[PDB]
Amino acid sequence: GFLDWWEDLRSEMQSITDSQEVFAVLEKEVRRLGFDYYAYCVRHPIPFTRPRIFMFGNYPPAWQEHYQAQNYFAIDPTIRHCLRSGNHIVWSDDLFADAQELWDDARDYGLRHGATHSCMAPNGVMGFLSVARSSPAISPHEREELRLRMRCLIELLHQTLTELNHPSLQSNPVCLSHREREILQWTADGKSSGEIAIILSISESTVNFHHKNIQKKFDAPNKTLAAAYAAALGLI
Amino acid sequence: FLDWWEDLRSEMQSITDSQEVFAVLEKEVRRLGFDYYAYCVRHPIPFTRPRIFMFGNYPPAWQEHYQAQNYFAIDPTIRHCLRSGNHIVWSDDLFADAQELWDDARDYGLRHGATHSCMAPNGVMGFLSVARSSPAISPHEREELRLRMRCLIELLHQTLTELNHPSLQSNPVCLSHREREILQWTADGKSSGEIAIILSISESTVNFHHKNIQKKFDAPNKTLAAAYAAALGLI
Ligand SMILES: O=C(CCCOc1cccc(Br)c1)N[C@H]1CCSC1=O
Ligand SMILES: O=C(CCCOc1cccc(Br)c1)N[C@H]1CCSC1=O
């Protein structure tokens, strides 16, 4: 029973105390769902041009090398920060219309049917979980139950890797003060350094002082990087 | 169980009226063992006064007592924060920094409940609450409640987007394939001049797309454009 599985998986997961044991249980659950291999990809929101991306999975090592050789992560439609209709998408030739060399290479290496689920933590980090198999296509009868079963896996995996303080989830910690924060919302809302100084009734000589410290907490050359990074991290 | 979720999907997909969706929702909140509910949409922008819509069948005395205290500003259950599981059961400790809200809430009979939040990638963060007075939420029904509520708010967000409700919609801003690359570099702290070197363009043309981006966001400077676009998932 789904709930018995959920409960038995939860008690089994909270019992884990190491980072390689969680992927072992995950591998056992992917086969339980009727699939052969999995893939977990964590995508941080910054830097906006080359975002930090971590990838773990038990795909065949031949594909793992081919994939890394072609930089397929740059054009993979299954790990793009998009708006999946249900945070979930079943692989189809339409999904890979703008990436035919990847879909052609994938089915060749035996990954002919699969699906990817995406969760977005409200701290910018997005998570992806893919499952793949060779012979049996995804039957419409098992589609929904697959969609629900994977949403529990990704969320559980996200929560337990967070509780274990995994590095792939730990982002650069930014200590923003309540006054510093309120200025940065005004900056990000388009107000100039002079305009800000009149609402808070402070000096322009001190709104730039706070800016100089916010930029130091983001290692920012300008305010733009600070305001944009803060918005992406949910810090404002 | 599964048979319930499957049967619930048929009722919603058949709905062709917004009020009919809230009606079916209310019937589900009763099935969970709760009297009242409340759904909330929190848009990310503006950063100083975000757009917030509120609906729910709370008692009328509370709704106009809630909105008369500006309680939406100090309510922990609608904070743009990272819940341990997109979920938190109400407790005296949860409302430590908002005691006037919790004391009034218990006085008015909203003594037991839980809130569940979903973060749509459009920057919108939806929240769903359920409340009752008599029976405390016992530890044995918690995890089953966390599951049933996650399904209820996901199907609620979707069903409401497929109906084009102007609570879920945000101001469109179609960004060009290159304007998006420029704003990404700008958002990464690069200057209008440095950007021209990376892409092999003229500073006048970098400063030319900027003028169009800030026009697409109604922005005074580049900082509003970069920050707004980052909040909406556009860069
Ligand atoms: O599963 C995913 C998620 C991103 C790629 O994940 C990978 C790929 C190769 C090695 C490793 Br490790 C992870 N994408 C699919 C698209 C079709 S083939 C494929 O890898
Ligand atoms: O659920 C929430 C916040 C979201 C709903 O807010 C409200 C409150 C009153 C009328 C309406 Br409509 C929405 N807060 C809880 C916790 C304390 S008592 C309460 O209403």
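Residues numbered from 1 in each chain as written, not as in the entry; some residues may be left out. Chains lettered and ligands numbered in written order. Heavy atoms only, no water. Residues with missing side-chain atoms left out of burial classes, pairs and counts.

Per the PDB record, the structure was determined using X-ray crystallography to 3.1000 Å resolution.

Q: Can you lay out the overall build of chain B for me, pointing to particular residues and giving the numbers?
A: Check the secondary structure of chain B and you find nine helices and five strands. Its C-alpha atoms put chain B at 70 × 40 × 30 Å along the principal axes. Restricting the contact set of chain B to residue pairs at least 6 apart, pairs at least 24 apart contribute 57%. (Helix = DSSP H or I, 4+ residues; strand = E, 2+ residues; numbered from the N terminus. Contact = heavy atoms within 4.5 Å.)

Q: Give me the lowdown on the interface of chain A and chain B, citing residues and values where you can.
A: The interface is formed by 34 residues belonging to chain A together with 33 residues belonging to chain B. If you tally residues by element for the side of chain A that touches chain B, the top one is helix 9 (residues 223–232) of chain A, at seven residues. Considering only residue class, the side of chain A that touches chain B consists of 21 nonpolar, 10 polar and three charged. (Nonpolar A, V, L, I, M, F, W, Y, C, P; charged D, E, K, R; others polar.)

Q: If you had to explain the sheet that holds strand 5 (residues 125–132) of chain B to someone new, which residues and values would you point to?
A: In a beta sheet, neighbouring strands are held together by backbone hydrogen bonds and run either parallel or antiparallel to one another. All names here are of chain B. Here five strands make up an open sheet; going across it, the order is 2-1-5-4-3 and the pairing antiparallel. The sheet terminates laterally at strand 2 (52–56) and strand 3 (87–89), the two strands that pair on one side only. Strand-to-strand, the axes of this sheet are offset by a mean angle of 15 degrees, without reference to chain direction. Direction of pairing for strand 3 relative to strand 4 (residues 112–119): antiparallel, over a ladder of three bridges. Residue pairing in the sheet places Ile88 in a bridge with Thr115 of strand 4. Contacts between helix 2 (residues 18–31) and the sheet are confined to strand 1 (36–42), strand 2 and strand 5, with strand 1 contributing the most and set at about 130 degrees to the helix. Strands in contact with helix 5 (residues 139–161) are strand 1, strand 3, strand 4 and strand 5; relative to strand 4, the strand with the most contacts, it is inclined by about 45 degrees. (Pairing = 2+ DSSP bridges. Axes fitted to C-alpha atoms, helices over the stretch in contact; angles between N-to-C directions.)

Q: I'd love a proper account of the packing of aromatic side chains, names of residues and values included.
A: Relative to A:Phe96, the ring of A:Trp91 has its centre 6.4 Å away and its plane inclined at 85 degrees; by these criteria the two rings are edge-to-face. Through pairs of rings, three or more aromatic residues link up here, namely A:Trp63, A:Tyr67, A:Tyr72 and A:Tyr109. Lying across the ring of A:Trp5, A:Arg149 places its NZ or CZ 4.4 Å from the centre. The ring of B:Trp4 is capped by B:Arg148, whose NZ or CZ atom sits 4.4 Å from the centre of that ring. (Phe/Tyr/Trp six-rings, centres within 6.5 Å; stacked < 30°, edge-to-face > 60°. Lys NZ or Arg CZ within 6 Å of the ring centre and 35° of its normal.)

Q: Quick one: what's the story with unusual backbone geometry, residue by residue and with numbers?
A: All names here are of chain A. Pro47 follows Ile46 through a cis peptide bond whose omega is 0 degrees. Tracing the backbone shows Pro47 in the loop between strand 1 (37–43) and strand 2 (53–57). Of note in the backbone geometry, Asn87 takes a positive phi value of approximately 55 degrees without being a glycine. Along the chain, the position of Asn87 falls in the loop between helix 3 (61–69) and strand 3 (88–90). Here the phi dihedral of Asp219 falls at roughly 55 degrees; this positive angle occurs in a residue that is not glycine. Inspection of the secondary structure assignment puts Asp219 in the loop between helix 8 (204–218) and helix 9.

Q: Tell me about the pattern of salt bridges, and please be specific about residues and values.
A: Across the pair A:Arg10 and B:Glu143 runs a salt bridge, and its minimum N-O distance is 3.9 Å. Here the residue A:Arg10 occupies a position in helix 1 (residues 2–14), and B:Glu143 occupies one in helix 5, the pair thus bridging two chains. Salt-bridge contacts for B:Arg106 lead to B:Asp92; the nearest nitrogen and oxygen are separated by 3.0 Å. Placement of the pair is B:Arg106 in helix 4 (residues 99–107) and B:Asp92 in the loop between strand 3 and helix 4, with a sequence separation of 14 residues. Three or more residues are tied together by salt bridges with common partners; here these are A:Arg10, B:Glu143 and B:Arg146. (Salt bridge = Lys/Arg side-chain N within 4 Å of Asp/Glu carboxyl O.)

Q: Before we move on, can you summarise the domain arrangement of chain A with the specific residues and values?
A: All names here are of chain A. Along its sequence, chain A is organised into domain 1 (1–172) and domain 2 (173–236). One C-alpha centre belongs to domain 1, the other to domain 2; they are set 36 Å apart. Facing the eight residues of domain 1 at the interface are six residues of domain 2. Per-class residue counts for the side of domain 1 that touches domain 2 are four nonpolar, four polar and no charged. (Domains from an automatic or database assignment.)

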